[PDB]
Each structure stands twice: as structure tokens, then as C-alpha cells.
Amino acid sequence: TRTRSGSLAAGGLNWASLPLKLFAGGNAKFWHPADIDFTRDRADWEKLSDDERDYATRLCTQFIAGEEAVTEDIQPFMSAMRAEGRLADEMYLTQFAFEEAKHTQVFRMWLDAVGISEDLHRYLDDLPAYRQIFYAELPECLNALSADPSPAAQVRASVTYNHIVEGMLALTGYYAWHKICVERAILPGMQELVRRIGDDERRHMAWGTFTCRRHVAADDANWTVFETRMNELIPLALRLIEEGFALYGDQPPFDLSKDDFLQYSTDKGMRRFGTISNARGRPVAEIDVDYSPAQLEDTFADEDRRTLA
């Protein structure tokens, strides 16, 4: 079924290309889960109330279940790239998939360190919107790539995975861990965990930005494809946040505000249009070798850290 090898081509691999830059950067930024000290977090964990632990278990459950979902649901995109003959994108997606496995590993290591061994499916039960995104929308949109690796489907898939799950919901998730851990000077492991995954997640967001950009740049009809999926998904994501808060009667532990999160989340969502729009008109041959989507993600992380202080 194979007739040729990308790595045997003239000039070889293009080290300037966006997906290879991200790949090189993931190698330089690699971290070990065994290096995270978890030996302090159980002491903190027990000094919390029955209600504080309920929220934190429910957030961790949404995380690890979401981490697992992405480790699985990225394979079709890898398959699409193999089919499309894009070796650089393909190689990066291996690192992508591996990174998601490592996040799934490390959240499981935290649950074990705080001594949670019971079945956790019940924490997603009161969250019908969570399951709509992670058991339904994420895999169905991504698996559609196996039948239809069309530019339109790749955008719809990227929007769903990269821009909403990672770009909007995960960042919102991290903000929740900031409010829980940093403000109350607790759970140093979870903090180091959230830092380290946050780091990996930035190359992921960069990649989603790259993918949507190159498609928009080549055929401007795809902008509308991007727009529409974003518009379907934002209300669903906001809904997830509301349900999490409504469970605690809008007045939750850790002094968390419903409207604070809704404003914080929307900001992460809308900011995605800006990432993609500047590709309209630009030539594809520049989008390939353009590092900016990774830069944008650095300055986004920068702006986020500034906002906290």
C-alpha cells in the first residue's frame, strides 16, 4: 500500500515546519511523572471538609476522564495524516498522543497518592454536558475523520479537540486548580502536575491553531466551517461549567464564583477566533514554516499568568 518514504526525499525533513518545531520542543520540554513529589498532598487532602473533597474529586474525575478521551480520540487524526501523506504532522501527533497518555498516568498517580480507589463514574453522573462532550461530541467528530479526512472535517475535529476541549475547557480546569491549590497553599503535587501538563497542552493548542490555519489559508470556505463548529461548541462548554456549579447550589466550596468562571471560560473560547483569522488571505507555503501559532500560545500563557497576579 506504500510507494515512497518522506524521510528519503530531497532535503529530507523540513526542520522549519510548524509541526516539527513543536515535536523538537516537546523533546526538549519532556518531564517525568516520577519526578513529582506526591508525598505531601495526602496530609493536605485530609484537612479539607467533606464538601471541599467532593468538588476536587469531581474536577479530577472530569480531568482524567477527559485526558483518557483525548489519548483515544486523537488516533483518527493520526490516521488522517497518514492518509494525507503529511509525515511531519504525523510524527508530532505521536508525541501528542504519548503526552495525553502521560497526563492520564499522572492524574491517576495523584488519585492514588490521596488514597482514592473507589469507582468514580458517579461523579460524572450529575454532569450530562460533560458526557455530551467527552463520550459523544469528541469521539464522533474525530472518528468521522476515518471515513472523511476532508479539510472541512479536519477543522471540525481540530475545533472540537484543540480549541474547545484544550483551548477552553482545560484552561478553565487549570484555573479551577489554581483557585483550589495556589490560593490555599495546598496540594503541591497537583500544582506541579497542573504546571507540567499545562506546558504540554500549549504545543497541542499551537498544533490545532496550525491545522485550522493551513486549511483556512488554502480554501477560505473553511473559515465558515471553523466559525460554525465553534458556535455549536461554546454554548455546550459553558453549559458544562454551569452544571458543575449548580450541583453545589451555585454557592460552591473554595469560594468559587459561577460568573467568574463563565467570564473566564468565554474569554478562552473567543480568543480562538483571533488565532485563526489572520490566516485568511495568507499563502499556505508560509503557514507551513511559520512558528507564530506556538508563539501566540506562549504569549497567551504569559497573559494568563499576569492576570492571576
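Numbering starts at 1 and runs along the sequence shown.
Asker: Hey, which bit's got the bigger mean C-alpha B factor in the entry, 198-206 or 141-149?
Answerer: On average, C-alpha B-factors are higher across 141-149.
Asker: Comparing 127-135 with 210-218, which stretch shows the greater average C-alpha B-factor in the deposited entry?
Answerer: 127-135 has the higher mean C-alpha B-factor.
Asker: From 252, 269, 26, 66, can you pick the one with the highest C-alpha B factor in the entry?
Answerer: Of the options given, 252 has the highest CA B-factor in the PDB entry.
Asker: Could you tell me which one of 118, 73, 89, 99 shows the highest CA temperature factor in the PDB record?
Answerer: So the option with the highest C-alpha B-factor is 118.
Asker: Based on the deposited C-alpha B factors for this chain, I'd like to know if residue 294 is in the lowest, middle or highest third.
Answerer: According to the entry, residue 294 has a C-alpha B-factor in the chain's lowest third.
Asker: According to the PDB entry, is the CA B factor of residue 122 in the bottom, middle or top third of its chain, that is, lowest, middle or highest?
Answerer: Highest third - that is where residue 122 ends up once the chain's C-alpha B-factors are sorted.
Asker: Taking the C-alpha B-factors as the PDB entry records them, is residue 225 in the lowest, middle or highest third of its chain?
Answerer: Middle third.
Asker: Residue 83's Cα B-factor: lowest, middle or highest third of the chain?
Answerer: Answer is highest: the recorded C-alpha B-factor places it there.
Asker: For residue 179, does the deposited CA B-factor place it in the lowest, middle or highest third of the chain?
Answerer: Top third by C-alpha B-factor.
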